[PDB]
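A.B. asks: Fold the following for me, if possible:
(16 chains)
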Amino acid sequence: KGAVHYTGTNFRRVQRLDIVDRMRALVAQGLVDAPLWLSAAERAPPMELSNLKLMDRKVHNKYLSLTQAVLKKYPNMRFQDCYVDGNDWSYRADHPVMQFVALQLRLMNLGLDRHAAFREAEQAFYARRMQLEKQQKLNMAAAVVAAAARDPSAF
Amino acid sequence: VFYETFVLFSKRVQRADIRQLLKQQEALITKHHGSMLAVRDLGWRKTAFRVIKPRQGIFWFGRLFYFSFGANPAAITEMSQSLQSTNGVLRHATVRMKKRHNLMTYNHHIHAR
Amino acid sequence: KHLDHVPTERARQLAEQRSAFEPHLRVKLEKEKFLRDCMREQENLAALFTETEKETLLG
Amino acid sequence: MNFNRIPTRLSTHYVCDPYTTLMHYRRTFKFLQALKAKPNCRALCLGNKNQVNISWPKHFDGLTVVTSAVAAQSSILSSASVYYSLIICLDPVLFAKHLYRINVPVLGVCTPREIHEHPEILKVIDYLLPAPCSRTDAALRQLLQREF
Amino acid sequence: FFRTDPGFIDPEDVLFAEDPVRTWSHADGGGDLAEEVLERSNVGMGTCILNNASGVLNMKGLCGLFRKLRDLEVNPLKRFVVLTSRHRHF
Amino acid sequence: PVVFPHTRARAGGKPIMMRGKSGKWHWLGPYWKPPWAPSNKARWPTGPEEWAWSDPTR
Amino acid sequence: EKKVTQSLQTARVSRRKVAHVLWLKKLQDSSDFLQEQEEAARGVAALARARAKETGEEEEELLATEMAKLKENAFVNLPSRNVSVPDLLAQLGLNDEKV
Amino acid sequence: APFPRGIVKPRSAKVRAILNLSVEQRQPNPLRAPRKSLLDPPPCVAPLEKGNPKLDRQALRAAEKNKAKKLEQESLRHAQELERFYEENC
Amino acid sequence: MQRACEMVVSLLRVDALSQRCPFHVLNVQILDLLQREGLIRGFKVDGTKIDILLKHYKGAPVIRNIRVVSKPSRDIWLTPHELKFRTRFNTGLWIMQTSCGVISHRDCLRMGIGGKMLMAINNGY
Amino acid sequence: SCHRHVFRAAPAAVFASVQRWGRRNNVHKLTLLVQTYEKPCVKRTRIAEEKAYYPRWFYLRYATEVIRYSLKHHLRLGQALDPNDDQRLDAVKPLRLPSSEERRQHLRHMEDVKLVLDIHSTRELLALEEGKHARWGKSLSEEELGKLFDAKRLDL
Amino acid sequence: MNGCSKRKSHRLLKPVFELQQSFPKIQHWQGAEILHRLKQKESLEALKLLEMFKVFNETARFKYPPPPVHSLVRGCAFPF
Amino acid sequence: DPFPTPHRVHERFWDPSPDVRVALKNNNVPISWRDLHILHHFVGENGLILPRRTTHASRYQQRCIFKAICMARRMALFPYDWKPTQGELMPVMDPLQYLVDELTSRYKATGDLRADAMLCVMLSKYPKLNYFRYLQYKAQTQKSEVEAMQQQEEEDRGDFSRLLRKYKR
RNA sequence: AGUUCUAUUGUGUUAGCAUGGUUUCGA
RNA sequence: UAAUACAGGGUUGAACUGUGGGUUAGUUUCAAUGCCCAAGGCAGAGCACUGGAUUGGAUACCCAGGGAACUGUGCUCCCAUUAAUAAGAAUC
RNA sequence: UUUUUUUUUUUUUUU
RNA sequence: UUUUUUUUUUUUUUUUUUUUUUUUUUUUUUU
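C.D. replies: Numbering: from 1, shown residues only, chains lettered A, B, ... in the order given. Below you will find the coordinate block:
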């Protein structure tokens, strides 16, 4: 005996009324005079918020299982950005581990299979290392050689 | 099914006795529709603590032997009781033959790597 | 009972896919546009840009 | 390091959806535009003590000092519906028991983290306003009021 | 990597993907979604989804469409009626 | 084909341990999974470790 | 369609049984006494038949007589001389330092 | 670990708080009970002080509160010092 | 018949958007009548279970009270002249199971045929 | 059984180690239990109670360690973690070498031994790169080493 | 010219006051005795410090004090 | 001065030492009573069985380990109140096999000359022994012979063999 | 849900063995 | 509660089966301790019982001795009656 | 003398 | 009564599974 109704008085069903509705009744009942701001909110009533939260849903985190395979084949990802807060290895959005897996999930949405995504992701990121990172490093290094003004024979 | 037995001899056991012991055992095997597999030796073994067996004395080491066989399951009890009566044998045990783990097919690369 | 014909979820999905000769499930991501708020936030500022209603708070 | 339980289900927030913010500002702007047209209109900016970036005065009109004896959920801002006509609360979580039956519009600015964990604030707030970056209201409103 | 980089993608954004077609899973009476016209009970609004195998608008679809449009228009509660479709790229 | 699940009720009873100084089980032992238990995947999300054996054929 | 699955089941069990035969073959090869007793048995068989043809005696007595002796002299080639002492062996291998 | 020969099945909340690991009240099940909120009415309890009610409207203990509300509060200030304007806005 | 009484528990929820329900032939017909009155936003048969949406208005749901009259262990029957006395001066919804399909209580009296009271929707005492 | 040897240590110090050895193995607890006969019913409840108190002690012991550790170091943690916070180096002087595009601009606003030290130092660099003094000091342009020198002539 | 790009701010490098372990709430009267025994094996006491982290349980004669409300209101008035 | 790490941890987090981690797998072979050189680690000073929170092992193998150590003691092949000695750290196998096996590792790590000679003689003396590892290592020395062909072609400017291997991309 | 096969076994029964507290003996 | 023999239960893989079910007398097994009967013995314990303490007026509390009771294919279920205070279906 | 008790006794050993 | 040594008889739970880690997944309005 006591709160033994799962489907009943336990779950309240009280109507939610905003300021626009509550003020409309008091003014009509003659309990309170009409304020100067009553008409301001009448033309632009507030947007309902109770029905917006109903669309909330919980989705399964696919990164927990996908990230396990990435580190197994390439366990050299934890060294990068180790001294920064937020990263744990006992990861931030900027971490290489999160970047690589993000592309895999995005590609699968188009229709690619789980195994096919790995090959596409590996090649996509490989070009960035050889076409941008390697080129940038080599270009900068070349300029260093030109700095031979210290030698007496330079002039 | 297949079976295994590990017998630990004493210092007071000659080669004469070992041959006799094994011959006796084979009698039982054949009785129960069986056949011997193989017989091997492990040499001497060091004992962690002194063994004090009544009416036998005290020993610090012995000769470890191993032999495989196969017979009816009911033959294990007869074999176990025979070993205990015979002298020389201070300790023995019977272990069933497994598929993967065995002293026949699996004897290499244990301690190394 | 196993031979009963009941409209399930996977049953209808296979029917649509069979029509496509050897056209699959696809999803769409949310549209994030910066001009939705960048080009509108300035208008709201005009309603409070007065010095007598902004300096008192952010003094 | 962390030795606690790792969550698996990731909850989604639809109240602060990027698309929902489009209608939130548009609807809010209309209400403020009509109110400022009328003469003699005053507002209230209620914040928190931790908000150092926002300057505050010494005295506060409508503030009522009560004692512990006979204080069963006393309403502090009971008389704040005479002189003022619009209150902009910055900490709805803290100011939740006092604004339950307030006779004035409340322009609360909360964050998705608090809304999901404390949905009770939705009933007291009339006009919901988003809060980009959702970190600290003290430095949040300053950027909006000092755009360009 | 940096948040301000051109080629930056938020892992959370791709995790909350949804199919717009699946949004209209629920419809009017009839579990099997095969009617040429659908309707959803709303407050002050009239929903009408045109679902078909290949978007073929035959006499069957017109008969249902005319009834739903007239039924919602006559109702004073429904101040406006919205129309949409359900086929993919059609 | 469409087939519905079957009833979770099964024969036998719950595990019971005999009273007194003689500790012994009556019907079932400690290794008994009830019919209303969750899936094994959710109970052991960690799974086999790297140093675990990949062949339990003892 | 049920008949189709019948063929698949036969193939599945066939592969499982194939692996079982390999395990038993190992035992035979690995077994020394099995081969030794088997080898001996065969030899006596031919000697009894060949000797009977010369003297003219019956093969029942010869075979019988010989059979008995094989079991008695079965354990003659043992133990393969394993007098090696692990305790001593390890000491010289820089693995034991107790005396 | 020790091999227990039985198990205890208490019923009163007195001894249940000792044998059990904890008796903390977990979150109520949404499927059976509503979610608790701060908007609910407070319990009807009169104020008492050492047995003498107070229904009128007109040093060691104090030191302990100051040591926790003052020393700890000053630490939080330094965290925001290097984030608001002094380092965040160059 | 047992599965019919199991729909009230799922449909009677406040903090929820959609609830599942076991699939049944009789259950499908019941949902059709409720949707006409504007009590259910919609439903879909997801195979072994049916997904039914919930309708809300100003926070509170449209359904506030459900009473089960008929039970698998017995059967309630009322004559055309007796149903009027039972149902009078009320806005409730009574599901009537007549020979010619399933109809509401309002239509049962119009035809004058003897129906069967299954369940009550938005009913008081 | 436990055995210890005294070597360059006082007897009191050595005796303190063996005393704690019994606590791990519960030598004292087992010695007293066997002395007196305990009813089986009492052991049923005592065995269960020890499974709730001991686990709680371990958690509280770790908490005390943090208090002592933090007392000698001061400081305190707060809700400072925020995803919307780029951890960029402050003041961040070290940068890539100039590509010769900005080098010329630097000399344009520094011509005016202290401030005139750069004169004749960086200027010779530009002349050397163009190949004015030495015939072997001529360098390569940035626009003739990436189009048909690294994207097609790669060793791989 | 190959150094790190981001500053060093990890917790491991800089020790701080925190508790990297979760445990169910315990009764105040149950934990008071345990803490006293540890102190016997020889600023603010440890009992008060742990209370700020909400480690103890809400027992009959022990309740978590409410947050400061009367001494935390700071509003500003301006025209509109 | 590292932060004080609590000793009591959930089973999800565990960092067993490298030395003991390799012994647990045992080349994907369950530990039995014959593995005497591995059971010596799972025993305390007094000879008691360590708990699952110290050896850091799985639930399935924890029960198997307890059986192997228990049986070894019954056979008078394990101590009862102290740790084993250096003279009892050997599995239950052929004594001769131990020697051969032992020597093979030395020849592969540092390349002991003495070890090689020993095995050579033993090859013929004990043909009934396993020499798979010894034969495989010697058979793998073909890299030295093939290297001669590369050198011989190098005199004729034959560098095409090196570029092809590098041209992988 | 149930039957067959395969991996897994501190669940029921079980005569000899090993170790151990107490007890017992004194070429 | 290491070894071995007989036969159950639980988890996973394949095949088969194609509504086989929930509850349960005029029913049937098992079931701590105590008691009758029976078998028994040579250890460790102890009810009754004259064996060394009581009082500020009465006692079994604190030692020691001590022939019942402690292994059963049996007779047999009185209790604080053996893993919560529901044997099933639906909503996560 | 030993054992035992808050304390003590009974009991046991005899050069 | 203490210590030491070398084989009689009865009996068999000390060591060995665990932060109660599923949407925390469940216990009964009020004082």
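A.B. asks: Could you use CA atoms for every contact and neighbour count after this?
C.D. replies: Noted.
A.B. asks: Go ahead and confirm residue A:92 touches residue A:86.
C.D. replies: Yes: judged on CA atoms under 8 Å, residue A:92 makes contact with residue A:86 at a distance of 6.2 Å.
A.B. asks: May I have the secondary structure class of the most centrally placed residue in chain G?
C.D. replies: Nearest residue to the geometric centre of chain G (CA atoms, centre = their mean): residue G:34, 1.8 Å. Using DSSP: H, G, I helix; E, B strand; the rest coil, the structure places residue G:34 in helix.
A.B. asks: tell me the contacts of residue I:120?
C.D. replies: I:66, I:67, I:68, I:69, I:92, I:93, I:94, I:95 (CA atoms under 8 Å, 6 or more residues apart in numbering or on different chains).
A.B. asks: who does it bridge with?
C.D. replies: Under DSSP bridges, the beta-bridge partners of residue I:120 are residue I:67, residue I:94.
A.B. asks: three-state assignment of the nearest residue to residue L:57 once chain neighbours are set aside?
C.D. replies: In this structure, residue L:57 finds its nearest non-sequential neighbour in residue L:24, 7.7 Å apart by CA to CA, 6 or more residues apart in numbering or on different chains. Of the three states, residue L:24 takes helix under three-state DSSP.
A.B. asks: Residue L:24: neighbouring residues, count only.
C.D. replies: 23 (other CA atoms under 10 Å in any protein chain shown).
A.B. asks: ok, now the one 10 residues further on?
C.D. replies: Residue L:34 sits with 19 neighbouring residues when counted by other CA under 10 Å.
A.B. asks: now swap in residue E:78 and tell me
C.D. replies: 15.
A.B. asks: Hmm, it is touching residue E:45, no?
C.D. replies: Yes: counting by CA under 8 Å, residue E:78 sits close enough to residue E:45 to count as a contact (5.1 Å).
A.B. asks: thinking again about what came up before, how close does the residue nearest to residue L:57 get to residue D:97?
C.D. replies: 60 Å (CA to CA, to the nearest Å).
A.B. asks: Show me where chain D has its strands.
C.D. replies: D:9-11, D:42-48, D:87-89 (DSSP state E).
A.B. asks: Now do the second one: everything it contacts.
C.D. replies: Okay, so that is strand D:42-48. For strand D:42-48, the surrounding residues in contact (CA under 8 Å, 6+ apart) are D:83-91, K:72-80.
A.B. asks: Could you tell me the end-to-end distance of stretch L:106-118?
C.D. replies: 12 Å.
A.B. asks: Could you see whether chain B lies near it?
C.D. replies: No: judged by CA under 8 Å from any CA of the partner chain, stretch L:106-118 and chain B are separated, with a smallest distance of 10.0 Å.
A.B. asks: Show me how far that stretch is from its chain's centre.
C.D. replies: Centroid displacement of stretch L:106-118 relative to its chain, using CA atoms, centre = their mean, to the nearest Å, is 17 Å.
A.B. asks: and it, does that touch chain G?
C.D. replies: No: with CA under 8 Å from any CA as the criterion, chain G is not reached by stretch L:106-118; the gap is at least 11.2 Å.
A.B. asks: buried sites along that stretch?
C.D. replies: Of the residues in stretch L:106-118, L:106, L:107, L:115 count as buried by neighbour count, 16 or more other CA atoms under 10 Å in any protein chain shown.
A.B. asks: So which elements touch the helix or strand that contains the first one?
C.D. replies: Which is residue L:106. Secondary structure from DSSP states H and E places residue L:106 in helix L:95-109. With contacts taken as 3 or more CA pairs under 8 Å, 6 or more residues apart in numbering or on different chains; DSSP states H and E, helix L:95-109 sits against helix L:113-125.
A.B. asks: that older thread, and for the nearest residue to the residue nearest to the centre of chain G once chain neighbours are set aside, the neighbour number?
C.D. replies: For residue G:34, ignoring the flanking residues on the chain, the nearest one in space by CA to CA, 6+ apart is residue B:37 at 5.7 Å. As a burial measure, residue B:37 scores 20 neighbours (other CA under 10 Å).
A.B. asks: what does residue B:75 give?
C.D. replies: 16.
A.B. asks: got the residue ranges for the helices in the chain?
C.D. replies: As the question left the chain open, I've gone with chain A. Assigned by DSSP state H, chain A shows helices spanning A:19-29, A:38-42, A:63-73, A:96-110, A:114-127, A:134-146.
A.B. asks: let's do chain J instead
C.D. replies: J:11-25, J:27-35, J:40-71, J:103-108, J:122-130.
A.B. asks: and the third one, which residues are buried?
C.D. replies: To tie it back to what came earlier, the one meant is helix J:40-71. J:44-45, J:47-49, J:52-53, J:56, J:59-60, J:62-64, J:66-67, J:69-70.
A.B. asks: show me the residues around the residue nearest to the centre of chain G that make contact.
C.D. replies: Shown in contact with residue G:34 (CA under 8 Å, 6+ apart): B:36, B:37, B:38, G:28.
A.B. asks: picking up where we left off before, of the buried residues of stretch L:106-118, closest to residue A:153?
C.D. replies: residue L:107 (56.5 Å; CA to CA).
A.B. asks: Mind listing what's buried along the host helix or strand of residue E:70?
C.D. replies: Following DSSP H and E, one finds residue E:70 within helix E:59-74. Neighbour-count burial for helix E:59-74, counted by 16+ other CA under 10 Å, picks out E:61, E:65, E:68, E:69, E:72.
A.B. asks: Centre of the chain to it, how far?
C.D. replies: 16 Å.
A.B. asks: Then stretch B:47-61?
C.D. replies: Per CA atoms, centre = their mean, the centroid offset for stretch B:47-61 relative to its chain is 18 Å.
A.B. asks: now do stretch G:51-67
C.D. replies: With CA atoms, centre = their mean, you get 27 Å for stretch G:51-67.
A.B. asks: quick one: buried residues of it?
C.D. replies: Counting neighbours by 16+ other CA under 10 Å, stretch G:51-67 gives G:52, G:59, G:62, G:63 as buried.
A.B. asks: what does stretch L:119-129 give?
C.D. replies: residue L:119.
A.B. asks: go on, stretch A:122-138?
C.D. replies: Quick answer for stretch A:122-138 (16+ other CA under 10 Å): residue A:135.
A.B. asks: same check, this time on stretch J:119-137
C.D. replies: Buried, per 16+ other CA under 10 Å, within stretch J:119-137: J:122, J:124, J:125, J:126, J:128, J:129, J:130, J:137.
A.B. asks: Could you export those residues to a markdown table, including columns for distance to residue D:8?
C.D. replies: Converted to a markdown table, the buried residues of stretch J:119-137 look like this (distance: CA to CA, whole Å):
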| residue | distance to residue D:8 |
| --- | --- |
| J:122 | 60 |
| J:124 | 64 |
| J:125 | 60 |
| J:126 | 61 |
| J:128 | 63 |
| J:129 | 60 |
| J:130 | 63 |
| J:137 | 63 |
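A.B. asks: And the furthest pair within these?
C.D. replies: J:122 and J:137 (15.0 Å).
A.B. asks: quick one on the thing from earlier: out of the buried residues of stretch G:51-67, list just those in helices.
C.D. replies: Using DSSP H, those in helices are G:52, G:59, G:62, G:63.
A.B. asks: Hmm, the last one is touching residue G:45, no?
C.D. replies: Spelled out, that is residue G:63. Yes: with contacts counted by CA under 8 Å, residue G:63 reaches residue G:45, the gap being 6.9 Å.
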